[PDB]
Amino acid sequence: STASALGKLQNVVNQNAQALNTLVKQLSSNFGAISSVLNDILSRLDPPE
Amino acid sequence: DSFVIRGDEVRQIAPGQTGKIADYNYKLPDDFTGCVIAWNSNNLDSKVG
């Protein structure tokens, strides 16, 4: 009946899942560029910039 | 390399340049190393007729 007794294993699983989630999330940032998607960058403007 | 061009279009002689001669007559590599020297020849390459 009582839950929340296996705190450590649940903590480990949650930490792993959260790390993976934020890693794949970080793919949608501009980082100071003008677009977060590379194909549009290639097909929108001139190669030197 | 040597040639004769209009005075206005000398801007097109540079790496990563777009234009008429830069795309249809003479193209420079993006990582070009060297020098370019241009000088007017109106008194010799131009005729009254």
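By the naming in the PDB entry, chain B goes by Spike glycoprotein and is assigned to Severe acute respiratory syndrome coronavirus 2.

As recorded by the PDB entry, chain A carries the name Spike glycoprotein and is attributed to Severe acute respiratory syndrome coronavirus 2.

Describing the layout of surface pockets
The space that makes up the largest pocket amounts to roughly 740 Å³. In terms of lining, the largest pocket is formed by 23 residues, of which the most central are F3(B), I5(B), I37(B), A38(B) and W39(B). Split into classes, the residues belonging to the lining of the largest pocket amount to 14 nonpolar, six polar and three charged. Here the second largest pocket defines a volume of roughly 150 Å³. Taken together, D46(A), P47(A), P48(A), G16(B), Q17(B), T18(B), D23(B), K27(B), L28(B), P29(B) and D30(B) form the lining of the second largest pocket.

What counts and what doesn't
Residues numbered from 1 in each chain as written, not as in the entry; some residues may be left out. Chains lettered and ligands numbered in written order. Part of a larger assembly, values for the part shown. Heavy atoms only, no water. 1 Å grid on protein atoms, 1.4 Å probe; cavity = no way out; pocket = protein on both sides within 12 Å on 5 of 7 lines; lining within 4 Å. Points joined across faces, edges and corners; volume = space filled by probe spheres on them. Nonpolar A, V, L, I, M, F, W, Y, C, P; charged D, E, K, R; others polar.

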